[PDB]
Amino acid sequence: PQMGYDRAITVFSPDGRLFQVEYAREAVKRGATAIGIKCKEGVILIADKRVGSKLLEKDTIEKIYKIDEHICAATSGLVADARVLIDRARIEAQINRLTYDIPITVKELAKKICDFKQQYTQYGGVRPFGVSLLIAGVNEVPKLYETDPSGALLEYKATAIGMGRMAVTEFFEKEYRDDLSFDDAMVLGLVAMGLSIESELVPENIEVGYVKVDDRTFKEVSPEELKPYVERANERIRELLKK
Amino acid sequence: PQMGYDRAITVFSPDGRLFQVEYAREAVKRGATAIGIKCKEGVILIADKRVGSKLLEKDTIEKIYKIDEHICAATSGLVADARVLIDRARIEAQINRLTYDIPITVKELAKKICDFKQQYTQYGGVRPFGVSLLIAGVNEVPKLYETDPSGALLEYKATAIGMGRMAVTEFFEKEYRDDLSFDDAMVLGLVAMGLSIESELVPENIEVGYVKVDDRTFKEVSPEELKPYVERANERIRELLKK
Amino acid sequence: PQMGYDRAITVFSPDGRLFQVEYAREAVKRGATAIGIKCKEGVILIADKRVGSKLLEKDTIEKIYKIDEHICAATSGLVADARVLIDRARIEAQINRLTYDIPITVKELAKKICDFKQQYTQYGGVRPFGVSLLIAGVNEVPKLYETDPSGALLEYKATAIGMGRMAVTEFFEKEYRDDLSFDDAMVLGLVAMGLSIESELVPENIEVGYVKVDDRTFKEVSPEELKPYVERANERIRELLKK
Amino acid sequence: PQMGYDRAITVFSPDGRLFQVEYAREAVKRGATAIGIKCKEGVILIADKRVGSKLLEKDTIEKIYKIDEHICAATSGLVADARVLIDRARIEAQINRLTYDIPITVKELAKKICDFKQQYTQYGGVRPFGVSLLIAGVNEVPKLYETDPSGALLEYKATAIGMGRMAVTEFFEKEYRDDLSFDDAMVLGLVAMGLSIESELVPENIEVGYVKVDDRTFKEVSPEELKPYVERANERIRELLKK
Amino acid sequence: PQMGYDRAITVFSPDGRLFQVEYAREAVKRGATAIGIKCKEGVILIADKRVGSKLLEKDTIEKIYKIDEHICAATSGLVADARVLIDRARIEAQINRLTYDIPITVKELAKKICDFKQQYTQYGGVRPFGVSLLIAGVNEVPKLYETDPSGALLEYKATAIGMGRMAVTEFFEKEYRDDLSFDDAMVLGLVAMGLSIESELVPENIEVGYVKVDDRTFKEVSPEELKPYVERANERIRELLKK
Amino acid sequence: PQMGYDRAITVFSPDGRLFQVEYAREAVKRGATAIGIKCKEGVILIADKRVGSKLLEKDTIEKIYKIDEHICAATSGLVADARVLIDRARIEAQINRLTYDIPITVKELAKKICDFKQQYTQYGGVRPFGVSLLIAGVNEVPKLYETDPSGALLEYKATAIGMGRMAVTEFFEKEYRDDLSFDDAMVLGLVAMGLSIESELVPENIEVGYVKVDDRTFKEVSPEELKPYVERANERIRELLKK
Amino acid sequence: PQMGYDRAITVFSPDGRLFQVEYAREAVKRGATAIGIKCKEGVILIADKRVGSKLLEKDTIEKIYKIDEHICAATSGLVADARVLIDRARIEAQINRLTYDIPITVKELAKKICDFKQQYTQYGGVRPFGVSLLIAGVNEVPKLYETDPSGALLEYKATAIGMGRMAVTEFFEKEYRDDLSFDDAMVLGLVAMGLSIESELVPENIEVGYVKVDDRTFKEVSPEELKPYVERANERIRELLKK
């Protein structure tokens with residue numbers, strides 16, 4: 001964070017860093033937290049959709065976006081930048097079915113959106129995207145990817161982006177199981193969101209989507225199908241939040 | 001608001017912000033306030049058209065613009081920038097009927113104008129549009145959208161842009177009803193404008209347009225058809241303005 | 001007017017302004033004043049053509065320019081910039097007759113020249129035009145438009161640009177009538193120019209052009225046809241200038 | 001002349017000026033003075049060709065350039081810039097005979113060279129031409145034009161550019177006659193040059209070219225045909241220079 | 001490392017250096033160390049894949065990448081930059097089989113990726129890749145190449161990149177044999193990694209790939225086939241680490 | 001020579017100058033002096049080819065270059081820049097014979113190379129050529145041209161460029177005759193070079209080329225054909241150098 | 001070496017210099033020295049290939065590069081830049097055989113690579129090549145060329161580039177003979193390298209290539225064919241190094 005080397009994406013600092021990329025990362029920190037958790041039977045995406053005003057048509061707010069029948073995605077960072085990236089992913093998913101006449105894999109999609117972001121990182125009159133993404137889906141096996149403003153790509157078993165990344169990360173870091181069940185993964189995910197917010201959850205102010213190995217079809221969970229999971233989740237959240 | 005990071009749209013500040021976008025937002029704050037309110041049977045747009053001079057051909061001043069038969073729009077911020085954005089929306093509405101041989105939805109239109117604005121946000125020799133828009137219309141259900149200089153897009157039930165956003169927003173925040181009637185929404189809207197200006201309204205210095213679910217046809221209200229609503233509105237405005 | 005934000009057209013100031021546009025406006029303030037006045041039967045344009053030297057071939061000086069048979073225009077600001085804008089308007093008028101095989105309206109012409117100016121306002125290696133224009137003519141009804149360096153467009157009943165805008169504006173603001181007659185409008189216009197200059201007029205050092213609803217044909221007034229109007233005008237100018 | 005706003009042609013100063021254009025004008029001030037005088041029967045161009053060295057092949061020095069059979073031109077300012085502008089005018093004269101199959105008028109030529117100069121005034125990586133021109137000729141009537149580095153264009157009866165503009169201008173301002181004769185105009189012109197230099201003239205160190213209404217054919221005057229005029233001119237110059 | 005000459009890739013310093021390239025090299029220093037060792041029967045690549053978190057799907061982490069059947073590669077430096085370079089190498093390998101209908105050599109591949117990197121070193125709006133690569137394979141004889149952010153290319157017998165370059169380099173510098181055997185080269189390589197980390201190795205947190213002269217086919221070694229080598233390696237590492 | 005206005009070719013100084021052009025001129029001052037002298041029967045070019053080392057293959061050093069059969073040229077300033085300019089002239093000479101199927105004149109060639117140089121004077125990312133040229137030849141009459149880094153073009157009877165311009169210029173200024181003979185011009189030229197160097201000449205360390213009106217064919221003079229002229233030249237040089 | 005004028009290749013200093021070019025020259029000074037010596041029967045190139053590490057596959061290190069059957073070349077300065085320049089020369093050699101269906105001459109090749117380097121010297125977003133080259137070969141007669149980062153080109157009888165240019169140059173300056181024999185030239189060359197390094201030579205740490213008038217075919221000398229020459233060379237080196 002040294003002046004003189006931090007206001008031009010194309011300039012390296014004396015200790016080999018791209019401060020404009022690090023600064024862009026500060027933008028995604030401010031976003032509502034989005035969680036991703038994978039298990040044996042599928043992958044889940046949980047996002048916080050609490051709004052500060054009742055004037056917002058929250059009945060139409062979307063935090064988890066369908067990219068293709070089997071690909072899923074969450075967002076964090078600059079709003080407009082995020083939307084553009086998601087449309088880009090969708091277009092990319094369509095191009096694939098045209099060129100190879102088959103659906104694109106989660107890995108290839110995440111990889112293409114990240115190569116795109118990487119380019120907005122090494123040219124002078126260009127600003128990097130101020131957003132991170134969670135790309136989830138099911139190819140032959142479930143998949144969970146996390147992107148970075150610089151274009152870096154990492155595959156996780158469970159993770160998060162936005163305000164509560166730290167909390168969620170440490171929690172999963174201490175209680176995530178390589179063998180959890182879909183419903184366990186679901187609950188564990190909601191609990192995480194809970195610690196993250198430091199409050200019991202309200203099924204109507206959190207969005208959940210997933211893709212299971214059987215259907216390979218993305219689908220959002222209704223607050224009704226979601227209520228039972230929140231109830232169980234709130235139990236432990238309550239139990240852990242201030243003993 | 002820190003020098004060194006606030007005079008280039010492509011530069012992030014150390015705390016992850018785009019000050020040139022925030023400054024652009026300062027431009028829309030200076031504009032005449034435009035209100036948007038949605039209800040069961042339709043959506044309404046109310047704009048303040050008071051002029052500081054009698055030399056202006058106010059008989060031809062337009063604050064609410066028809067984009068298509070069912071799409072409506074209000075503006076706030078840099079004048080020339082605004083006009084360009086509205087022509088862009090219209091062109092976009094025509095392209096849709098050509099390509100898909102069907103009318104564009106409110107969501108898609110707002111979405112396309114915002115993707116356009118987003119791009120004037122991440123390239124070096126480009127200035128962001130200094131304006132916010134209220135895109136209103138009726139697809140299958142009424143719709144009210146608010147845009148931002150950065151390209152962000154939000155759906156509301158009721159909101160505002162320009163000088164009186166705060167006032168109008170807090171008022172609606174305390175008395176907007178998810179079940180109001182067209183005429184109620186209308187009056188509530190005029191009242192808001194009233195508090196905003198801190199004065200009883202004059203039907204001839206405010207413009208109102210709307211789109212109802214039945215006709216799906218935009219139409220402006222004549223000061224005559226509007227006079228009764230102002231009278232009722234001024235009653236409450238009078239009652240609330242300084243008790 | 002704060003250093004740091006005023007030397008790049010694409011930079012917004014902290015209070016949301018485009019200082020380079022405001023500075024450009026300072027250029028039009030220095031120009032000879034041009035007046036525009038509309039009435040029932042037509043529109044009139046009056047410009048001051050007094051020169052500081054007898055060496056100038058003033059017998060060929062033009063302050064009011066014909067754009068098309070029914071469109072008229074005056075200028076104020078940087079000289080070369082102005083000429084370019086007028087040729088642009090003419091070309092634009094020709095393109096219209098080709099594309100739509102019909103004459104362009106005053107509104108559309110003013111609108112196209114302003115969209116052009118707006119663009120020289122949001123790109124990095126471009127300077128805004130330092131000039132304002134008065135576009136006058138007759139479509140179905142008389143028309144008077146005033147342009148701005150930023151591309152803003154406004155329709156007036158009567159107005160002015162250049163040095164004497166203030167004077168002329170306040171005068172019209174106090175004595176312009178929505179029902180004046182051509183000859184009244186003419187005299188009122190000359191009087192304004194008079195106050196503006198603070199001196200009785202000399203028919204040979206002022207240029208007048210107009211477009212009436214009947215002919216829809218632009219034409220300049222000879223100093224002979226103009227002398228009677230000046231005489232009457234000088235009467236009131238004399239009467240008002242220092243009582 | 002305020003630092004901060006004077007080293008980029010595209011930047012307006014707080015008081016609406018283009019200092020780089022004003023600075024460019026400082027370049028033409030340093031050039032040998034060129035005079036232009038028009039009369040009933042034609043137009044004349046007189047240029048000072050005194051050189052500081054005998055090594056220069058002054059027998060081939062040209063200060064007045066033929067553009068076309070009826071168009072004439074003088075120069076002042078940066079040398080290389082000037083030459084380029086004159087070749088541009090010639091090319092422009094040829095293009096006209098091709099496109100419209102008729103000779104270009106003096107007005108149109110001057111107008112085209114000025115629109116060209118105007119453009120080198122509103123783009124970032126471009127330097128304005130540091131020169132002014134006197135374009136003279138005969139269309140239906142004699143013509144005398146003066147150009148500016150910014151692209152401004154003015155028509156005169158008599159004028160000058162370069163070092164002695166002031167002197168020559170004030171002199172013509174006090175003794176130019178709208179009805180002078182060719183020979184009178186000629187002498188008056190030489191006298192002006194005289195005051196300008198503050199010395200009697202030497203026919204061999206001044207170049208004169210002209211275009212009369214009868215021939216509409218440009219031609220230079222030999223020092224022999226010119227000697228009689230200088231003699232008469234030197235008489236008055238002598239009479240006026242230090243009484 | 002002198003300010004004034006170190007923030008523009010195209011600027012040479014007074015002592016003839018490209019500081020932005022030197023700074024880019026500081027980025028590769030921070031990466032996990034990758035080792036390369038060549039012997040009579042083939043070439044080996046060893047990379048450290050220890051992760052700081054159990055949440056990373058390390059079961060899918062790749063530090064050694066297959067470029068073609070006979071070409072191998074390791075990476076160090078900016079993550080996104082590295083991935084882009086490897087895809088570039090693969091594309092380059094395919095182009096070769098198309099154009100010359102034969103596999104590209106290791107030398108030609110390394111050479112093409114380095115010419116590409118060199119270009120991102122001499123143009124103004126371009127940032128150099130912050131990564132070094134180890135390109136290994138078998139043409140007629142085994143090959144080991146090391147790249148630099150500047151595009152420099154060097155052929156080694158044994159070497160390394162990343163954090164432990166120094167350690168590994170000095171070790172090989174004192175005990176590398178021009179005649180070692182595959183298994184010896186393997187062990188020597190693991191030992192180096194050991195000193196580098198200052199700890200006995202764990203077969204599961206190090207990745208090894210190779211290409212032998214017989215098969216000319218790249219293949220990764222399983223932690224099981226690798227365990228015996230680690231055991232022997234840890235013996236000497238233990239023996240050398242703090243006597 | 002004022003900081004703030006002297007490091008960008010496109011910026012005019014407050015007193016209307018292009019300092020980068022004046023600085024470029026400082027480069028030609030450092031070059032070996034080249035002399036040009038014209039007479040009745042032809043034009044001559046004399047250049048100093050003294051080298052500071054015997055390791056240079058001076059037997060192949062060329063200071064006077066043939067452009068075409070009748071066109072000749074000398075150089076001074078940046079070496080690489082000069083060569084490029086001469087190849088440009090040659091190409092230009094060939095283009096002429098193709099387009100007009102006739103040889104280009106000296107005037108047109110010099111004019112084309114100068115228009116080219118002028119352009120490297122008014123664009124932002126371009127450096128001006130740091131060289132002056134002496135273009136000599138015979139069209140209908142002998143010709144001698146001198147160029148400038150800015151693109152200015154002047155015709156002389158006798159002149160020089162490089163270190164000894166002053167000396168040579170003053171000498172010719174005092175003893176050049178408009179009627180000298182080829183051999184006189186030759187000797188006078190060598191004498192000049194002599195004063196310039198302040199030493200008697202050595203035929204082998206000076207290059208002479210010429211073009212006479214009869215042959216219109218360029219040809220270099222052998223040190224043998226040149227020895228007699230040097231002998232006579234050294235006589236006067238000796239006589240004038242320190243009396 | 002004055003700040004303010006030394007960090008932009010396109011800027012001239014007040015005393016007419018291109019400091020970025022002079023700084024680029026500082027880069028070639030740091031390179032291993034390469035020597036070039038010409039004689040009656042051919043041209044020789046000697047380069048120092050001593051490495052600081054045994055890990056480098058020096059058995060494949062190349063300091064002298066074949067450009068074509070008769071053209072040879074050595075390098076000094078930035079590594080990556082050098083390689084690019086040599087590939088450029090080779091491509092250039094191939095283009096020639098295609099276009100003129102004949103081999104390119106040494107002069108033309110050197111000339112083309114230098115015109116290329118000259119261009120990376122006068123454009124704003126471009127960095128100059130930090131390298132000098134020795135281009136050697138045999139056309140009708142042997143040839144030895146030395147290039148410069150600025151694009152300057154010089155022909156020598158004997159010379160050098162890199163660290164030991166001074167030493168080697170002074171030595172040749174005192175003992176080079178215009179009539180030496182191939183073997184003499186060879187020995188003299190090795191001696192030079194010797195003084196340069198201040199140590200007797202080791203045939204295996206120096207590379208020698210040559211092109212004789214008879215074969216016109218480039219070929220490298222084996223350390224075995226080279227050992228006899230080193231032995232003789234070391235004799236004199238020993239004799240001269242510290243008497």
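Here is the naming used below: chain letters follow the sequence lines, and residue numbers restart at 1 for every chain.
Closest approach of B:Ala27 and C:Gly16 over heavy atoms only: CB-O, 3.5 Å. Residues C:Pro14 and B:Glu26 share a closest heavy-atom pair of O-CG, 3.1 Å. Between A:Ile64 and A:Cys72, the shortest heavy-atom contact is CG2-SG, 3.7 Å. Nearest approach of B:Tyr156 to B:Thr159, heavy atoms of both residues: CD2-CB, 3.5 Å. For the residue pair E:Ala80 and A:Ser150, the shortest heavy atom distance occurs at CB-O, 3.4 Å. Scanning all heavy atoms of the two residues, the minimum distance from E:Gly162 to E:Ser76 falls at CA-OG, 3.4 Å.
By the 4.5 Å heavy-atom criterion applied to side chains, A:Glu173 and E:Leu55 are counted as neighbours. The side-chain heavy atoms of A:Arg83 and B:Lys111, taken from C-beta on, include a pair separated by under 4.5 Å. By the 4.5 Å heavy-atom criterion applied to side chains, C:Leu18 and C:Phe12 are counted as neighbours. For the pair A:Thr75/A:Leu85, no side-chain contact is recorded, criterion being any heavy-atom separation below 4.5 Å from C-beta on. Inter-residue side-chain proximity for A:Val11 and A:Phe19 is flagged as unmet; no heavy-atom pair is nearer than 4.5 Å. Side-chain contact between E:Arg30 and A:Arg17 is present, with at least one heavy-atom pair separated by less than 4.5 Å. Side-chain contact between A:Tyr145 and A:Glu155 is present, with at least one heavy-atom pair separated by less than 4.5 Å. Residues A:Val21 and A:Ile9 have side chains in contact (heavy-atom distance under 4.5 Å, counting atoms from C-beta outward).
Salt-bridge formation is not detected for the pair B:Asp148/B:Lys117: no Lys NZ or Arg NE/NH1/NH2 atom is positioned less than 4.0 Å from an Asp or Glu carboxylate oxygen. Comment: A:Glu207 does not engage A:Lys63 in a salt bridge, judged by the lack of any side-chain N to carboxylate O separation of less than 4.0 angstrom.
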Using a 3.5 Å cut-off and no angle test, enumerate the donor-acceptor pairs between side-chain atoms of residues 123-138 of chain A and protein atoms at least two apart in sequence or in another chain.
residue  : atom : partner  : partner atom : Å
A:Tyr123 : OH   : E:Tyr120 : OH           : 2.8
A:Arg127 : NE   : B:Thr121 : O            : 2.9
A:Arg127 : NH1  : A:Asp81  : OD2          : 2.8
A:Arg127 : NH2  : A:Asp81  : OD1          : 2.9
A:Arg127 : NH2  : A:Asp81  : OD2          : 3.4
A:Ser132 : OG   : A:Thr147 : O            : 3.1

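Side-chain atoms of A:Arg165 and A:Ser196 form no donor-acceptor pair, as typed in the model, at a separation below 3.5 Å.
A search for side-chain hydrogen bond (donor to acceptor under 3.5 Å, both in side chains) contacts involving E:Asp6 returns A:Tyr5, E:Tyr23, not counting sequence neighbours.
The 12-atom threshold is not exceeded at NZ of E:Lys29, counting heavy atoms of other residues, nucleotides or ligands nearer than 6.0 Å. Within 6.0 Å of the NZ atom in B:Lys107, the count of heavy atoms belonging to other residues, nucleotides or ligands does not exceed 12. Residue A:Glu204 qualifies as open at atom CD: its count of foreign heavy atoms under 6.0 Å is 12 or below. Within a 6.0 Å sphere centred on CD of A:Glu62, other residues, nucleotides and ligands contribute more than 12 heavy atoms.
Judged by distance alone, the side chain of A:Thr33 and the main-chain N or O of A:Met163 form no donor-acceptor pair under 3.5 Å. A distance-only check finds a donor-acceptor pair linking the side chain of A:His70 to the backbone of A:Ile104 [under 3.5 Å].
Here the CD-CG distance, from C:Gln2 to C:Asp15, works out to 9.5 Å after rounding to the nearest 0.5 Å.
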